[PDB]
């Protein structure tokens, strides 16, 4: 099939590369002009599991997408703050039958996606794959991963399973889930603890785990996520989710890495996705009458940090 990767940064480049290596036709769509020009002239370059790889993937600036152009599957992989503008720029690509899959971190992206895409064509999930964008046209891809996804449209279960199988045929290890909202919240707890705490404390995940108060901070935040999720009839298994968060402390899994939010703000001086993670829990709390002070304070701290570095 024809697959467009809308947002061809670290993760988008991974998925595009893997989907291309299995014989899919892949179009990359991106908003970073220098990145697009590099890929045009020299292809996408990857340190892929140690091996230098190059692939000439077609790429277009999101503002230059052709209303004549058309794909079967759009995979969204922008950062949360770029999602709307990306959808505005590529709407003409959204035809009757086009599947649209969102695998961004954070909560609530469906609402935005539903302004541009018919409900029956929306698939959402999250992923445990990782990736790094080293500079224009350059990515570093290590580790293993998985994808979970579910259809949001009534009667699209089989189409969702098919979509997961298709991704799995390119090595993406994708699974259909019958409770994607539970799965999104659970992963959001990980992003809601590791990302902001590492960023503010200036540590990697193993270093965070070594501190005497990490467990208390993680557990308090996870409880706040769970109280908000319960209002939406999602009952998180808090002890399992706390343990799932703390498993990131292990050097043998992902502990030696810095989370994406750290790479964004501390290393690259870019705005973070905090409003969509802890911030989403704060805004829900206010609306539901649930106290979410740690999410409020962590969000505030991260914004302050962004401001202190003069980030956008």
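Numbering follows the first chain given and starts at 1.
Stretch comparison (163-171 versus 101-109) by mean CA B-factor in the PDB entry places 163-171 on top. 122-130 and 154-162 differ in mean CA B-factor, and the higher of the two is recorded for 154-162.
As recorded in the PDB entry, 95 shows the highest C-alpha B-factor of the residues 79, 187, 95, 215. Going by the entry's values, 52 shows the largest Cα B-factor out of 264, 52, 246, 273. In the PDB entry, residue 279 places in the lowest third of its chain by CA B-factor. Ranked by C-alpha B-factor against the other modelled residues of its chain, residue 20 falls in the highest third. In the PDB entry, a CA B factor belonging to the lowest third of its chain's modelled residues is recorded for residue 224.
The PDB entry assigns residue 183 a C-alpha temperature factor belonging to the lowest third of its chain's modelled residues. Annotation for residue 31: C-alpha temperature factor in the middle third relative to the rest of the modelled chain, per the entry.
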